[PDB]
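K.L.:
Quick one, fold the following:
(3 chains)
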Amino acid sequence: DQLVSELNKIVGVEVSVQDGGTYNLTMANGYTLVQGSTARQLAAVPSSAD
Amino acid sequence: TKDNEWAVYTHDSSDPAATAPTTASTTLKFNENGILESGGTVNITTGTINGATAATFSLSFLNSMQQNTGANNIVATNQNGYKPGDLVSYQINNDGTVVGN
Amino acid sequence: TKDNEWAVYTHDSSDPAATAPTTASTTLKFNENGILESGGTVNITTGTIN
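P.N.:
Numbering: from 1, shown residues only, chains lettered A, B, ... in the order given. Dropping the coordinates below:
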């Protein structure tokens, strides 16, 4: 609980009780940032238009 | 492509032949009332991996509801398939049955 | 625009099916100490998207 709340204080990460009782994290449209026992990963970039 | 109706597109992440398709995999039918009208169930197919067979699965969308505007809501993953793996769990239930995790 | 008479117009700011000043859905008439004597109940329609 504490670490998910900590992460939340940078970017919007939502949490949902998954049917099996697991703790799923999701981001801002449905990007399941943590689905089950797996996390997605992210990137930094220079903008496509500038 | 209409206020109050939806098409759906699917992709297999792991079969290296799975060209992320351009094609409408399914359309979920909605009355203007914002209550799922038809297509609340459909089966779709996976790719084939490592010589083992492709999987083919059923998916359901019951009690979905479509709004005046705003909260485009989905987060869920409910499926009846299992990876093979390890167990160590002995728990003798009051009925006299045993469960394993 | 006369004593003891008032008419009413309504507009849907959330669903634009409300039109220009078409049928005025109600008008009320009154007396020297105030009592509502007509048009006490009104009906309107909202545009709809749902």
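
K.L.:
Do you have the helices of chain A handy? List them.
P.N.:
For chain A, the helices defined by DSSP state H cover A:2-8.

K.L.:
For chain C, give me its nearest residue in it.
P.N.:
residue A:29 (21.6 Å; CB to the nearest CB). All C-beta spots, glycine's among them, are computed from the backbone N, C-alpha and C.

K.L.:
Distance of the closest residue to that residue other than its chain neighbours relative to chain C?
P.N.:
Leaving aside its sequence neighbours, residue A:29 sits nearest to residue B:72 (CB to CB, 6 or more residues apart in numbering or on different chains; 7.3 Å). Distance, residue B:72 to chain C, using CB to the nearest CB, to the nearest Å: 15 Å.

K.L.:
Surely residue B:72 touches residue B:64?
P.N.:
No. In this structure residue B:72 lies outside contact range of residue B:64 using CB atoms under 8 Å: 11.6 Å.

K.L.:
Those two: who's more crowded?
P.N.:
Between residue B:72 and residue B:64, residue B:64 has the larger neighbour count (other CB atoms under 10 Å in any protein chain shown), namely 15 against 9.

K.L.:
contacting residues for the residue lying closest to residue A:7 once chain neighbours are set aside?
P.N.:
Nearest non-adjacent residue to residue A:7, counting by CB to CB, 6+ apart: residue A:13, 5.7 Å away. By CB atoms under 8 Å, 6 or more residues apart in numbering or on different chains, the residues touching residue A:13 are A:4, A:7, A:25, A:26, A:27, A:33.

K.L.:
Tally up the residues packed near the residue lying closest to the fifth one once chain neighbours are set aside, please.
P.N.:
In other words, residue A:27. Distances taken as CB to CB, 6+ apart place residue A:33 nearest to residue A:27, at 4.7 Å, with adjacent residues excluded. Neighbour count of residue A:33, defined by other CB under 10 Å: 20.
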